[PDB]
Amino acid sequence: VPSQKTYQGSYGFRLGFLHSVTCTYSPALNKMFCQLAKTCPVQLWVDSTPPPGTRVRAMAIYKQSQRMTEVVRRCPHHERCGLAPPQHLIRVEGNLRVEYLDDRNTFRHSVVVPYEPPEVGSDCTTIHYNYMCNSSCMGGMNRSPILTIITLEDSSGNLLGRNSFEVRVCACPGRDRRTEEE
Ligand SMILES: [Zn+2]
């Protein structure tokens, strides 16, 4: 099982979220609610700047202990529907340097981009993720809750920082957020 323990590390790495309803985040639940294939802005916040060659990895895992060892991937239907391999749940949009990776021993998927510092006028770096299957899809997540783990890594894959958030991919994110909060 991939690690999910929060580790702010030497650079004081944490996550922030931009309300878009296509994407909305509940701090109380540490849970993002989003629509299929739509923009999910995830912000990287650091106290100090990580150095040359730093990478940002995203990986989905099942939250439930009974499915923890199972690989999260798209359902056959959504796989069937030229950068992201069709099996990958998580894509990155708006970035020319996206790497799609598959672990040789675990078969787990991840998507990696280089760390870039914040743009002018911003105090954070925003990455636009897309989730390519609904939480409810049979033969995929099948209503099993997932966690996205965001890892800051050096060029050799060593850990610099780790954060995570739950995700629900659904038709009406604002409504589902309200229900789970209340
Ligand atoms: Zn699906």
# chains A, B, ... in the order shown; residues from 1 in each chain; ligands from 1

call {"tool": "residues_near_ligand", "arguments": {"ligand": "ligand 1", "cutoff": "9 Å", "atoms": "only C-alpha atoms and all ligand atoms", "output": "ChimeraX atom specification"}}
result
/A:73-79,89,132-142

call {"tool": "write_last_selection", "arguments": {"atoms": "N, CA and C atoms", "output": "CSV table (one decimal), in the first residue's frame"}}
result
chain,number,residue,atom,x,y,z
A,73,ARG,N,-8.3,2.3,-11.2
A,73,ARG,CA,-8.2,2.7,-12.6
A,73,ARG,C,-9.5,2.9,-13.2
A,74,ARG,N,-9.6,3.4,-14.5
A,74,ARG,CA,-10.8,3.7,-15.1
A,74,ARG,C,-11.6,2.4,-15.4
A,75,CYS,N,-12.9,2.5,-15.4
A,75,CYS,CA,-13.8,1.3,-15.8
A,75,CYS,C,-13.6,1.0,-17.3
A,76,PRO,N,-14.0,-0.2,-17.7
A,76,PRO,CA,-13.8,-0.6,-19.1
A,76,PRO,C,-14.6,0.4,-20.0
A,77,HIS,N,-15.7,0.8,-19.6
A,77,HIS,CA,-16.5,1.7,-20.4
A,77,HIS,C,-15.8,3.0,-20.7
A,78,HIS,N,-15.2,3.7,-19.6
A,78,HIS,CA,-14.5,4.9,-19.8
A,78,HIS,C,-13.2,4.8,-20.5
A,79,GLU,N,-12.6,3.6,-20.3
A,79,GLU,CA,-11.3,3.3,-21.0
A,79,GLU,C,-11.6,3.3,-22.5
A,89,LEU,N,-7.0,7.0,-14.4
A,89,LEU,CA,-8.0,7.8,-13.8
A,89,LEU,C,-7.7,9.3,-13.8
A,132,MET,N,-11.3,10.9,-14.7
A,132,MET,CA,-11.9,10.4,-16.0
A,132,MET,C,-12.9,9.3,-15.8
A,133,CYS,N,-13.3,9.0,-14.6
A,133,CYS,CA,-14.4,8.0,-14.3
A,133,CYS,C,-15.2,8.6,-13.1
A,134,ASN,N,-16.4,8.3,-13.0
A,134,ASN,CA,-17.3,8.6,-11.9
A,134,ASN,C,-17.1,7.7,-10.7
A,135,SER,N,-17.2,8.2,-9.5
A,135,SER,CA,-17.1,7.3,-8.3
A,135,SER,C,-18.0,6.1,-8.4
A,136,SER,N,-19.2,6.2,-9.1
A,136,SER,CA,-20.2,5.1,-9.1
A,136,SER,C,-19.9,4.1,-10.2
A,137,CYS,N,-19.0,4.3,-11.1
A,137,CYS,CA,-18.8,3.4,-12.3
A,137,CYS,C,-18.6,1.9,-11.9
A,138,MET,N,-19.4,1.0,-12.3
A,138,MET,CA,-19.2,-0.4,-12.1
A,138,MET,C,-18.0,-0.9,-12.9
A,139,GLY,N,-17.3,-1.9,-12.4
A,139,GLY,CA,-16.1,-2.3,-13.0
A,139,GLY,C,-14.9,-1.4,-12.8
A,140,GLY,N,-15.2,-0.3,-12.1
A,140,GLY,CA,-14.1,0.6,-11.7
A,140,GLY,C,-14.2,0.9,-10.2
A,141,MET,N,-14.4,2.1,-9.8
A,141,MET,CA,-14.5,2.5,-8.4
A,141,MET,C,-15.7,1.9,-7.7
A,142,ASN,N,-16.8,1.8,-8.5
A,142,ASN,CA,-18.0,1.1,-8.0
A,142,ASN,C,-18.5,1.6,-6.6

call {"tool": "residues_around", "arguments": {"residues": "region 143-158 of chain A", "least_positions_apart": "2", "cutoff": "10 Å", "atoms": "only C-alpha atoms", "output": "PDB file with N, CA, C and O atoms, in the first residue's frame"}}
result
ATOM      1  N   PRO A   2       0.609   2.189  -0.927  1.00  0.00           N
ATOM      2  CA  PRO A   2       1.290   3.476  -0.947  1.00  0.00           C
ATOM      3  C   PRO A   2       1.007   4.258   0.313  1.00  0.00           C
ATOM      4  O   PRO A   2      -0.088   4.172   0.874  1.00  0.00           O
ATOM      5  N   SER A   3       1.999   5.030   0.744  1.00  0.00           N
ATOM      6  CA  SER A   3       1.871   5.842   1.939  1.00  0.00           C
ATOM      7  C   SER A   3       0.917   7.010   1.735  1.00  0.00           C
ATOM      8  O   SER A   3       0.881   7.606   0.664  1.00  0.00           O
ATOM      9  N   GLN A   4       0.149   7.324   2.769  1.00  0.00           N
ATOM     10  CA  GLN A   4      -0.760   8.469   2.717  1.00  0.00           C
ATOM     11  C   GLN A   4      -0.530   9.492   3.839  1.00  0.00           C
ATOM     12  O   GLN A   4      -1.213  10.514   3.870  1.00  0.00           O
ATOM     13  N   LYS A   5       0.431   9.230   4.727  1.00  0.00           N
ATOM     14  CA  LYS A   5       0.692  10.086   5.896  1.00  0.00           C
ATOM     15  C   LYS A   5       1.150  11.495   5.475  1.00  0.00           C
ATOM     16  O   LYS A   5       2.110  11.634   4.725  1.00  0.00           O
ATOM     17  N   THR A   6       0.471  12.529   5.966  1.00  0.00           N
ATOM     18  CA  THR A   6       0.868  13.897   5.689  1.00  0.00           C
ATOM     19  C   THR A   6       2.288  14.129   6.184  1.00  0.00           C
ATOM     20  O   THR A   6       2.646  13.742   7.311  1.00  0.00           O
ATOM     21  N   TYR A   7       3.088  14.758   5.331  1.00  0.00           N
ATOM     22  CA  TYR A   7       4.478  15.077   5.626  1.00  0.00           C
ATOM     23  C   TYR A   7       4.788  16.406   4.971  1.00  0.00           C
ATOM     24  O   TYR A   7       5.019  16.486   3.769  1.00  0.00           O
ATOM     25  N   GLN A   8       4.765  17.476   5.751  1.00  0.00           N
ATOM     26  CA  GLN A   8       5.012  18.785   5.158  1.00  0.00           C
ATOM     27  C   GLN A   8       6.473  18.928   4.758  1.00  0.00           C
ATOM     28  O   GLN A   8       6.795  19.605   3.772  1.00  0.00           O
ATOM     29  N   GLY A   9       7.369  18.281   5.500  1.00  0.00           N
ATOM     30  CA  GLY A   9       8.780  18.228   5.127  1.00  0.00           C
ATOM     31  C   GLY A   9       9.519  19.556   5.193  1.00  0.00           C
ATOM     32  O   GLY A   9       8.982  20.555   5.716  1.00  0.00           O
ATOM     33  N   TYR A  11      10.264  21.836   3.111  1.00  0.00           N
ATOM     34  CA  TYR A  11       9.746  22.981   2.350  1.00  0.00           C
ATOM     35  C   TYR A  11       8.376  23.454   2.820  1.00  0.00           C
ATOM     36  O   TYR A  11       7.826  24.398   2.254  1.00  0.00           O
ATOM     37  N   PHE A  13       5.365  21.877   2.754  1.00  0.00           N
ATOM     38  CA  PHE A  13       4.463  21.597   1.653  1.00  0.00           C
ATOM     39  C   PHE A  13       3.060  21.304   2.151  1.00  0.00           C
ATOM     40  O   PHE A  13       2.849  20.421   2.999  1.00  0.00           O
ATOM     41  N   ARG A  14       2.081  22.041   1.640  1.00  0.00           N
ATOM     42  CA  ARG A  14       0.690  21.686   1.880  1.00  0.00           C
ATOM     43  C   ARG A  14      -0.163  22.024   0.671  1.00  0.00           C
ATOM     44  O   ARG A  14       0.326  22.624  -0.277  1.00  0.00           O
ATOM     45  N   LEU A  15      -1.416  21.599   0.703  1.00  0.00           N
ATOM     46  CA  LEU A  15      -2.322  21.779  -0.427  1.00  0.00           C
ATOM     47  C   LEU A  15      -3.372  22.839  -0.155  1.00  0.00           C
ATOM     48  O   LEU A  15      -3.791  23.042   0.999  1.00  0.00           O
ATOM     49  N   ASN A  30     -11.889  17.196   4.318  1.00  0.00           N
ATOM     50  CA  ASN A  30     -10.697  17.064   3.448  1.00  0.00           C
ATOM     51  C   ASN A  30     -11.050  16.236   2.220  1.00  0.00           C
ATOM     52  O   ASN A  30     -10.443  15.197   1.904  1.00  0.00           O
ATOM     53  N   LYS A  31     -12.051  16.743   1.507  1.00  0.00           N
ATOM     54  CA  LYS A  31     -12.639  16.014   0.395  1.00  0.00           C
ATOM     55  C   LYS A  31     -13.012  16.952  -0.722  1.00  0.00           C
ATOM     56  O   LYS A  31     -13.705  17.957  -0.520  1.00  0.00           O
ATOM     57  N   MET A  32     -12.543  16.600  -1.919  1.00  0.00           N
ATOM     58  CA  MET A  32     -12.877  17.286  -3.134  1.00  0.00           C
ATOM     59  C   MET A  32     -14.050  16.588  -3.814  1.00  0.00           C
ATOM     60  O   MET A  32     -14.085  15.357  -3.907  1.00  0.00           O
ATOM     61  N   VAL A  42      -5.780  22.135  -8.019  1.00  0.00           N
ATOM     62  CA  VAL A  42      -5.128  21.803  -6.775  1.00  0.00           C
ATOM     63  C   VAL A  42      -3.914  22.719  -6.635  1.00  0.00           C
ATOM     64  O   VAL A  42      -3.096  22.837  -7.550  1.00  0.00           O
ATOM     65  N   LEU A  44      -0.386  23.948  -4.789  1.00  0.00           N
ATOM     66  CA  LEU A  44       0.761  23.583  -3.978  1.00  0.00           C
ATOM     67  C   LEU A  44       1.256  24.831  -3.275  1.00  0.00           C
ATOM     68  O   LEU A  44       1.526  25.847  -3.925  1.00  0.00           O
ATOM     69  N   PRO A  50      11.480  24.499  -3.328  1.00  0.00           N
ATOM     70  CA  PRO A  50      12.253  23.302  -3.648  1.00  0.00           C
ATOM     71  C   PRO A  50      13.112  23.530  -4.900  1.00  0.00           C
ATOM     72  O   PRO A  50      12.753  24.355  -5.744  1.00  0.00           O
ATOM     73  N   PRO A  51      14.269  22.841  -4.940  1.00  0.00           N
ATOM     74  CA  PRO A  51      15.361  23.067  -5.869  1.00  0.00           C
ATOM     75  C   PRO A  51      15.221  22.284  -7.157  1.00  0.00           C
ATOM     76  O   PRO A  51      14.278  21.502  -7.316  1.00  0.00           O
ATOM     77  N   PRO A  52      16.180  22.479  -8.067  1.00  0.00           N
ATOM     78  CA  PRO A  52      16.106  21.953  -9.418  1.00  0.00           C
ATOM     79  C   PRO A  52      15.787  20.463  -9.427  1.00  0.00           C
ATOM     80  O   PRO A  52      16.328  19.699  -8.625  1.00  0.00           O
ATOM     81  N   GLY A  53      14.891  20.066 -10.322  1.00  0.00           N
ATOM     82  CA  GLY A  53      14.579  18.663 -10.505  1.00  0.00           C
ATOM     83  C   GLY A  53      13.449  18.135  -9.639  1.00  0.00           C
ATOM     84  O   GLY A  53      13.185  16.938  -9.660  1.00  0.00           O
ATOM     85  N   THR A  54      12.781  19.011  -8.885  1.00  0.00           N
ATOM     86  CA  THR A  54      11.666  18.562  -8.020  1.00  0.00           C
ATOM     87  C   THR A  54      10.457  18.231  -8.896  1.00  0.00           C
ATOM     88  O   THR A  54      10.172  18.918  -9.880  1.00  0.00           O
ATOM     89  N   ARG A  55       9.777  17.144  -8.543  1.00  0.00           N
ATOM     90  CA  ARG A  55       8.635  16.643  -9.303  1.00  0.00           C
ATOM     91  C   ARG A  55       7.410  16.529  -8.414  1.00  0.00           C
ATOM     92  O   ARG A  55       7.538  16.394  -7.185  1.00  0.00           O
ATOM     93  N   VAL A  56       6.228  16.578  -9.031  1.00  0.00           N
ATOM     94  CA  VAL A  56       4.965  16.490  -8.304  1.00  0.00           C
ATOM     95  C   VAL A  56       4.184  15.313  -8.847  1.00  0.00           C
ATOM     96  O   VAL A  56       3.816  15.315 -10.012  1.00  0.00           O
ATOM     97  N   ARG A  57       3.952  14.317  -8.007  1.00  0.00           N
ATOM     98  CA  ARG A  57       3.232  13.108  -8.393  1.00  0.00           C
ATOM     99  C   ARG A  57       1.829  13.086  -7.803  1.00  0.00           C
ATOM    100  O   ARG A  57       1.627  13.465  -6.641  1.00  0.00           O
ATOM    101  N   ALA A  58       0.864  12.629  -8.598  1.00  0.00           N
ATOM    102  CA  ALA A  58      -0.493  12.348  -8.105  1.00  0.00           C
ATOM    103  C   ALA A  58      -0.823  10.880  -8.351  1.00  0.00           C
ATOM    104  O   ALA A  58      -0.536  10.337  -9.425  1.00  0.00           O
ATOM    105  N   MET A  59      -1.426  10.243  -7.361  1.00  0.00           N
ATOM    106  CA  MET A  59      -1.813   8.825  -7.434  1.00  0.00           C
ATOM    107  C   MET A  59      -3.099   8.651  -6.665  1.00  0.00           C
ATOM    108  O   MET A  59      -3.252   9.217  -5.583  1.00  0.00           O
ATOM    109  N   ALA A  60      -4.015   7.857  -7.196  1.00  0.00           N
ATOM    110  CA  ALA A  60      -5.240   7.510  -6.490  1.00  0.00           C
ATOM    111  C   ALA A  60      -5.115   6.151  -5.814  1.00  0.00           C
ATOM    112  O   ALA A  60      -4.530   5.224  -6.359  1.00  0.00           O
ATOM    113  N   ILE A  61      -5.665   6.039  -4.615  1.00  0.00           N
ATOM    114  CA  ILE A  61      -5.760   4.758  -3.916  1.00  0.00           C
ATOM    115  C   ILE A  61      -7.156   4.634  -3.321  1.00  0.00           C
ATOM    116  O   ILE A  61      -7.838   5.647  -3.109  1.00  0.00           O
ATOM    117  N   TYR A  62      -7.575   3.397  -3.045  1.00  0.00           N
ATOM    118  CA  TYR A  62      -8.840   3.152  -2.353  1.00  0.00           C
ATOM    119  C   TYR A  62      -8.709   3.437  -0.872  1.00  0.00           C
ATOM    120  O   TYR A  62      -7.743   2.992  -0.242  1.00  0.00           O
ATOM    121  N   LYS A  63      -9.676   4.180  -0.329  1.00  0.00           N
ATOM    122  CA  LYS A  63      -9.687   4.570   1.088  1.00  0.00           C
ATOM    123  C   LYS A  63      -9.986   3.391   2.013  1.00  0.00           C
ATOM    124  O   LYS A  63      -9.399   3.288   3.097  1.00  0.00           O
ATOM    125  N   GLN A  64     -10.905   2.523   1.591  1.00  0.00           N
ATOM    126  CA  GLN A  64     -11.353   1.380   2.408  1.00  0.00           C
ATOM    127  C   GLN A  64     -10.250   0.340   2.535  1.00  0.00           C
ATOM    128  O   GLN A  64      -9.698  -0.105   1.531  1.00  0.00           O
ATOM    129  N   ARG A  67     -10.048  -2.707   0.232  1.00  0.00           N
ATOM    130  CA  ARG A  67      -9.692  -2.546  -1.171  1.00  0.00           C
ATOM    131  C   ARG A  67      -8.353  -1.819  -1.327  1.00  0.00           C
ATOM    132  O   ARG A  67      -7.912  -1.542  -2.443  1.00  0.00           O
ATOM    133  N   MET A  68      -7.690  -1.553  -0.205  1.00  0.00           N
ATOM    134  CA  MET A  68      -6.473  -0.752  -0.194  1.00  0.00           C
ATOM    135  C   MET A  68      -5.386  -1.258  -1.149  1.00  0.00           C
ATOM    136  O   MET A  68      -4.678  -0.450  -1.743  1.00  0.00           O
ATOM    137  N   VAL A  72      -6.446   1.545  -8.438  1.00  0.00           N
ATOM    138  CA  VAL A  72      -7.523   2.395  -8.927  1.00  0.00           C
ATOM    139  C   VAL A  72      -7.301   2.669 -10.402  1.00  0.00           C
ATOM    140  O   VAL A  72      -6.264   3.217 -10.800  1.00  0.00           O
ATOM    141  N   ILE A  90      -6.488   9.647 -13.425  1.00  0.00           N
ATOM    142  CA  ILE A  90      -6.125  11.055 -13.238  1.00  0.00           C
ATOM    143  C   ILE A  90      -5.290  11.574 -14.403  1.00  0.00           C
ATOM    144  O   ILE A  90      -4.253  10.991 -14.747  1.00  0.00           O
ATOM    145  N   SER A 110       0.350   6.650 -11.988  1.00  0.00           N
ATOM    146  CA  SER A 110       0.511   7.985 -11.452  1.00  0.00           C
ATOM    147  C   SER A 110       0.814   8.948 -12.572  1.00  0.00           C
ATOM    148  O   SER A 110       1.142   8.552 -13.690  1.00  0.00           O
ATOM    149  N   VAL A 111       0.620  10.221 -12.273  1.00  0.00           N
ATOM    150  CA  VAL A 111       0.848  11.282 -13.233  1.00  0.00           C
ATOM    151  C   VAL A 111       1.763  12.303 -12.570  1.00  0.00           C
ATOM    152  O   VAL A 111       1.542  12.692 -11.406  1.00  0.00           O
ATOM    153  N   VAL A 112       2.810  12.701 -13.284  1.00  0.00           N
ATOM    154  CA  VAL A 112       3.871  13.532 -12.713  1.00  0.00           C
ATOM    155  C   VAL A 112       4.095  14.762 -13.574  1.00  0.00           C
ATOM    156  O   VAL A 112       4.112  14.665 -14.802  1.00  0.00           O
ATOM    157  N   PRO A 114       6.765  18.473 -13.555  1.00  0.00           N
ATOM    158  CA  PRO A 114       7.817  19.170 -12.815  1.00  0.00           C
ATOM    159  C   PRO A 114       7.223  20.203 -11.862  1.00  0.00           C
ATOM    160  O   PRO A 114       6.185  20.800 -12.162  1.00  0.00           O
ATOM    161  N   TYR A 115       7.854  20.375 -10.705  1.00  0.00           N
ATOM    162  CA  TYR A 115       7.492  21.480  -9.831  1.00  0.00           C
ATOM    163  C   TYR A 115       7.884  22.800 -10.482  1.00  0.00           C
ATOM    164  O   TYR A 115       9.022  22.960 -10.924  1.00  0.00           O
ATOM    165  N   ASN A 134     -16.448   8.274 -13.042  1.00  0.00           N
ATOM    166  CA  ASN A 134     -17.284   8.627 -11.908  1.00  0.00           C
ATOM    167  C   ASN A 134     -17.053   7.675 -10.738  1.00  0.00           C
ATOM    168  O   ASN A 134     -16.742   6.493 -10.923  1.00  0.00           O
ATOM    169  N   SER A 135     -17.223   8.182  -9.519  1.00  0.00           N
ATOM    170  CA  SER A 135     -17.110   7.331  -8.339  1.00  0.00           C
ATOM    171  C   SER A 135     -18.012   6.096  -8.420  1.00  0.00           C
ATOM    172  O   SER A 135     -17.656   5.041  -7.898  1.00  0.00           O
ATOM    173  N   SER A 136     -19.151   6.217  -9.102  1.00  0.00           N
ATOM    174  CA  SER A 136     -20.156   5.142  -9.132  1.00  0.00           C
ATOM    175  C   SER A 136     -19.937   4.079 -10.201  1.00  0.00           C
ATOM    176  O   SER A 136     -20.631   3.060 -10.191  1.00  0.00           O
ATOM    177  N   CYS A 137     -18.989   4.293 -11.113  1.00  0.00           N
ATOM    178  CA  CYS A 137     -18.805   3.383 -12.261  1.00  0.00           C
ATOM    179  C   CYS A 137     -18.567   1.923 -11.868  1.00  0.00           C
ATOM    180  O   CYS A 137     -17.593   1.617 -11.186  1.00  0.00           O
ATOM    181  N   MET A 138     -19.443   1.025 -12.321  1.00  0.00           N
ATOM    182  CA  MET A 138     -19.245  -0.414 -12.105  1.00  0.00           C
ATOM    183  C   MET A 138     -18.045  -0.913 -12.911  1.00  0.00           C
ATOM    184  O   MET A 138     -17.785  -0.433 -14.009  1.00  0.00           O
ATOM    185  N   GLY A 140     -15.171  -0.290 -12.101  1.00  0.00           N
ATOM    186  CA  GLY A 140     -14.126   0.639 -11.709  1.00  0.00           C
ATOM    187  C   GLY A 140     -14.234   0.856 -10.218  1.00  0.00           C
ATOM    188  O   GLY A 140     -14.235  -0.099  -9.439  1.00  0.00           O
ATOM    189  N   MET A 141     -14.366   2.116  -9.822  1.00  0.00           N
ATOM    190  CA  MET A 141     -14.464   2.482  -8.414  1.00  0.00           C
ATOM    191  C   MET A 141     -15.714   1.906  -7.734  1.00  0.00           C
ATOM    192  O   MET A 141     -15.678   1.565  -6.552  1.00  0.00           O
ATOM    193  N   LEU A 160      10.065  14.330  -0.600  1.00  0.00           N
ATOM    194  CA  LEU A 160      10.260  15.671  -0.043  1.00  0.00           C
ATOM    195  C   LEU A 160       9.044  16.157   0.733  1.00  0.00           C
ATOM    196  O   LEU A 160       9.169  16.977   1.627  1.00  0.00           O
ATOM    197  N   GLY A 161       7.852  15.686   0.365  1.00  0.00           N
ATOM    198  CA  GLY A 161       6.620  16.125   1.019  1.00  0.00           C
ATOM    199  C   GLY A 161       5.455  15.293   0.539  1.00  0.00           C
ATOM    200  O   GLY A 161       5.509  14.729  -0.565  1.00  0.00           O
ATOM    201  N   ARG A 162       4.401  15.203   1.344  1.00  0.00           N
ATOM    202  CA  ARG A 162       3.237  14.394   0.986  1.00  0.00           C
ATOM    203  C   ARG A 162       1.976  15.008   1.579  1.00  0.00           C
ATOM    204  O   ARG A 162       1.978  15.423   2.758  1.00  0.00           O
ATOM    205  N   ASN A 163       0.912  15.069   0.783  1.00  0.00           N
ATOM    206  CA  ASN A 163      -0.401  15.439   1.269  1.00  0.00           C
ATOM    207  C   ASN A 163      -1.427  14.605   0.521  1.00  0.00           C
ATOM    208  O   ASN A 163      -1.089  13.898  -0.423  1.00  0.00           O
ATOM    209  N   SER A 164      -2.678  14.652   0.950  1.00  0.00           N
ATOM    210  CA  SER A 164      -3.707  13.820   0.348  1.00  0.00           C
ATOM    211  C   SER A 164      -5.070  14.410   0.613  1.00  0.00           C
ATOM    212  O   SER A 164      -5.250  15.230   1.524  1.00  0.00           O
ATOM    213  N   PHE A 165      -6.032  14.027  -0.216  1.00  0.00           N
ATOM    214  CA  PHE A 165      -7.413  14.449  -0.051  1.00  0.00           C
ATOM    215  C   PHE A 165      -8.307  13.374  -0.637  1.00  0.00           C
ATOM    216  O   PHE A 165      -7.923  12.681  -1.591  1.00  0.00           O
ATOM    217  N   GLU A 166      -9.488  13.213  -0.059  1.00  0.00           N
ATOM    218  CA  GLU A 166     -10.492  12.314  -0.602  1.00  0.00           C
ATOM    219  C   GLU A 166     -11.117  12.954  -1.838  1.00  0.00           C
ATOM    220  O   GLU A 166     -11.139  14.171  -1.966  1.00  0.00           O
ATOM    221  N   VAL A 167     -11.599  12.121  -2.763  1.00  0.00           N
ATOM    222  CA  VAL A 167     -12.249  12.616  -3.974  1.00  0.00           C
ATOM    223  C   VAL A 167     -13.529  11.851  -4.224  1.00  0.00           C
ATOM    224  O   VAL A 167     -13.564  10.623  -4.071  1.00  0.00           O
ATOM    225  N   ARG A 168     -14.579  12.596  -4.582  1.00  0.00           N
ATOM    226  CA  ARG A 168     -15.791  12.018  -5.141  1.00  0.00           C
ATOM    227  C   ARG A 168     -16.031  12.657  -6.499  1.00  0.00           C
ATOM    228  O   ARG A 168     -16.079  13.882  -6.618  1.00  0.00           O
ATOM    229  N   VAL A 169     -16.140  11.819  -7.522  1.00  0.00           N
ATOM    230  CA  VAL A 169     -16.414  12.293  -8.873  1.00  0.00           C
ATOM    231  C   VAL A 169     -17.884  12.008  -9.112  1.00  0.00           C
ATOM    232  O   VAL A 169     -18.305  10.854  -9.064  1.00  0.00           O
TER     233      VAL A 169
END

call {"tool": "atom_distance", "arguments": {"atom1": "CA of residue 45 (chain A)", "atom2": "CA of residue 124 (chain A)"}}
result
5.0 Å

call {"tool": "select_by_dssp", "arguments": {"residues": "region 43-122 of chain A", "states": "helix (DSSP H, G or I)", "output": "JSON, numbers by chain"}}
result
{"A": [76, 77, 78, 79, 80]}

call {"tool": "write_last_selection", "arguments": {"atoms": "N, CA and C atoms", "output": "mmCIF file, in the first residue's frame"}}
result
data_model
loop_
_atom_site.group_PDB
_atom_site.id
_atom_site.type_symbol
_atom_site.label_atom_id
_atom_site.label_comp_id
_atom_site.auth_asym_id
_atom_site.auth_seq_id
_atom_site.Cartn_x
_atom_site.Cartn_y
_atom_site.Cartn_z
ATOM 1 N N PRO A 76 -13.953 -0.222 -17.690
ATOM 2 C CA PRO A 76 -13.816 -0.585 -19.101
ATOM 3 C C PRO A 76 -14.556 0.375 -20.026
ATOM 4 N N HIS A 77 -15.748 0.803 -19.615
ATOM 5 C CA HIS A 77 -16.528 1.724 -20.428
ATOM 6 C C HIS A 77 -15.766 3.026 -20.704
ATOM 7 N N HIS A 78 -15.240 3.651 -19.649
ATOM 8 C CA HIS A 78 -14.533 4.918 -19.807
ATOM 9 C C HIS A 78 -13.156 4.775 -20.455
ATOM 10 N N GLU A 79 -12.552 3.598 -20.328
ATOM 11 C CA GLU A 79 -11.309 3.304 -21.033
ATOM 12 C C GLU A 79 -11.553 3.304 -22.544
ATOM 13 N N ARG A 80 -12.684 2.729 -22.947
ATOM 14 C CA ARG A 80 -13.036 2.582 -24.359
ATOM 15 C C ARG A 80 -13.411 3.903 -25.039
#

call {"tool": "select_by_dssp", "arguments": {"residues": "region 4-135 of chain A", "states": "strand (DSSP E or B)", "output": "NGL selection string"}}
result
:A and (7 or 14-17 or 23-26 or 31-34 or 40-45 or 55-62 or 71 or 90-93 or 99-102 or 109-114 or 125-131)

call {"tool": "atom_distance", "arguments": {"atom1": "CA of residue 12 (chain A)", "atom2": "CA of residue 126 (chain A)"}}
result
16.3 Å

call {"tool": "residues_around", "arguments": {"residues": "residue 106 (chain A)", "least_positions_apart": "6", "cutoff": "10 Å", "atoms": "only C-alpha atoms", "output": "VMD selection string"}}
result
chain A and resid 1 to 2 69 to 71

call {"tool": "write_last_selection", "arguments": {"atoms": "N, CA, C and O atoms", "output": "tab-separated table (two decimals), in the first residue's frame"}}
result
chain	number	residue	atom	x	y	z
A	1	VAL	N	0.86	-1.22	0.00
A	1	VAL	CA	0.00	0.00	0.00
A	1	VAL	C	0.88	1.25	0.00
A	1	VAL	O	1.82	1.35	0.80
A	2	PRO	N	0.61	2.19	-0.93
A	2	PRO	CA	1.29	3.48	-0.95
A	2	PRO	C	1.01	4.26	0.31
A	2	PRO	O	-0.09	4.17	0.87
A	69	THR	N	-5.26	-2.58	-1.31
A	69	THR	CA	-4.23	-3.14	-2.17
A	69	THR	C	-4.60	-3.18	-3.65
A	69	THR	O	-3.77	-3.54	-4.49
A	70	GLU	N	-5.84	-2.83	-3.97
A	70	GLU	CA	-6.30	-2.83	-5.37
A	70	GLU	C	-5.95	-1.53	-6.10
A	70	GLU	O	-6.05	-0.44	-5.55
A	71	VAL	N	-5.54	-1.67	-7.35
A	71	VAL	CA	-5.20	-0.53	-8.19
A	71	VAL	C	-6.46	0.22	-8.60
A	71	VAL	O	-7.44	-0.39	-9.09

call {"tool": "closest_residue", "arguments": {"among": "A:84, A:174, A:104, A:92", "to": "residue 20 (chain A)", "atoms": "only C-alpha atoms"}}
result
A:174

call {"tool": "atom_distance", "arguments": {"atom1": "CA of residue 39 (chain A)", "atom2": "CA of residue 180 (chain A)"}}
result
21.7 Å

call {"tool": "closest_residue", "arguments": {"among": "A:43, A:65, A:10, A:179", "to": "residue 159 (chain A)", "atoms": "only C-alpha atoms"}}
result
A:10

call {"tool": "closest_residue", "arguments": {"among": "A:120, A:28, A:23, A:36", "to": "residue 173 (chain A)", "atoms": "only C-alpha atoms"}}
result
A:23
